[PDB]
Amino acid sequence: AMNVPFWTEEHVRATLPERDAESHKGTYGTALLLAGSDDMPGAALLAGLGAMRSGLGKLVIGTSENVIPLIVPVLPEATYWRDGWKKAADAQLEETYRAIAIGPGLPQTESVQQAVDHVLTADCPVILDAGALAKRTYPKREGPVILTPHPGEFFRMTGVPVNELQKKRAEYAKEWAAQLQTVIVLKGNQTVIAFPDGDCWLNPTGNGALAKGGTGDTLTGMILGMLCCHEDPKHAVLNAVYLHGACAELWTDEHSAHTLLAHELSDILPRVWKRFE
């Protein structure tokens, strides 16, 4: 390795925020989630649940109109911007959000990139995932840009083939976080969290129960919510990745690692988070 340190339980315990008696939901902010399309609807539910579970005050889901009815019965606490991810291709966000995520369940299209460009003119942290991940550069702005690639997405972004990436994961994550001036959460066993200021950590939690469709959609939502309740966005990303993996570890105490469904990570998070308080 390059001796990248693990973000450990001690670090998590020291950095997780309080929800004090005097707070109101405004204290914890409104998040925007731009996710889910008619063709890939479930991602929006997975990210929505992860976000509302993770300490935000309010969530607006800008999903395709036909996806909205699929979310409501499961997550009636979310509100909507009808066809929001499409509308965001055409104009600047008018509303102020605490944090924004774009990409889960979105196609890898130019229109999604147009939406990204408009999202990036906001002054808040922004997460790009999935369909929003492309080979491109980023404008100087206020607020971190957080990319959350699977190794195959990292290849799409950089041209580094997966078989080579996997030999030197932190080295590549660090190099590209620096070059792009973005946070890179390079997924996998020992997920790398590389920051554009050159800080970098490894995540010590998780297991093979996570190697199934949807678990990254859940993670994007987790990061989104934690960006709303942490003052330091670096700590939000680190804690989200950590607690996401910790949920999978709790699952495998009494359940087979073959059998986890992503949404259950959100259902487990309430008890797992308590343990670190």
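Note that residue numbering follows the sequence shown and begins at 1.
Look at the mean CA B-factor for 227 to 235 and for 213 to 221 in the entry; the higher one is 227 to 235. Averaged over their C-alpha atoms, the temperature factors of 31 to 39 and 44 to 52 are higher for 31 to 39.
Per the PDB record, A122 has a higher Cα B-factor than any other of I127, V192, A78, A122. Looking only at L106, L165, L133, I184, the residue with the top Cα B factor in the deposited structure is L165. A262: CA B factor lies in the lowest third for its chain, per the PDB record. Placement of the Cα temperature factor of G26 within the chain: highest third of the modelled residues, per the deposited record. In the deposited entry, the Cα temperature factor of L202 sits in the middle third of values across the chain's modelled residues. Among the modelled residues of its chain, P161 has a C-alpha B-factor that falls in the highest third according to the deposited record. Among all modelled residues in this chain, the alpha-carbon of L269 has a temperature factor (C-alpha) in the lowest third.
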